[PDB]
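Participant: whatever this is, show me its structure:
(2 chains)
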Amino acid sequence: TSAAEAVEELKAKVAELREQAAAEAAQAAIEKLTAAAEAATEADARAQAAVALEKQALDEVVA
Amino acid sequence: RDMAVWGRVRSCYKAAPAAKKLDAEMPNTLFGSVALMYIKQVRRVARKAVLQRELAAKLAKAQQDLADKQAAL
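Facilitator: Numbering: from 1, shown residues only, chains lettered A, B, ... in the order given. Structure as follows:
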């Protein structure tokens, strides 16, 4: 037997998912800092989504 | 990642031959290439995870000092 293709689909899937993960890789003062905290929360959520996606890619490789 | 156990794996990793040797070794199931992919994914997931830790600490600080500002008023 030859593992000629299955490696190829694995490469394609993991490369596309790595690219996608890299895509997400990137009293008035009270209100301003509240907006800053909201932006920080948004960045945290986006980066957590990226790391979860990459963990899924690793699990695909392991599977 | 722990540097002591990752320097050893980097040393045992860079000494691998080209992909042609690791392909001609076990043509049935390309175990060597897949192990390399696993190592690479572990490294990169760990890097993004430490980035997550830092940014989440920053977010926690933002929540804390926002709460402090609310309490001051």
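Participant: in the helix or strand that contains residue B:22, what's buried?
Facilitator: Using DSSP states H and E, residue B:22 maps to helix B:19-25. For helix B:19-25, burial by neighbour count (16 or more other Cβ atoms under 10 Å in any protein chain shown) applies to residue B:22. Heads up, the C-betas are built off the backbone N, CA and C, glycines and all.
Participant: which SS state does the residue nearest to the spatial centre of chain A fall under?
Facilitator: Geometric centre of chain A, nearest residue: residue A:50, 1.6 Å, by Cα atoms, centre = their mean. Three-state call for residue A:50 (DSSP: H, G, I helix; E, B strand; the rest coil): helix.
Participant: repeat that for residue A:18.
Facilitator: helix.
Participant: mind telling me what element the closest residue to it other than its chain neighbours is part of?
Facilitator: Residue nearest to residue A:18 in three dimensions, not counting chain neighbours: residue A:57, with 6.5 Å by Cβ to Cβ, 6 or more residues apart in numbering or on different chains. Taking DSSP H and E as the criterion, residue A:57 maps to helix A:28-62.
Participant: roughly how far is that helix from the heart of the chain?
Facilitator: How far helix A:28-62 lies from its chain's middle: 10 Å, per Cα atoms, centre = their mean, to the nearest Å.
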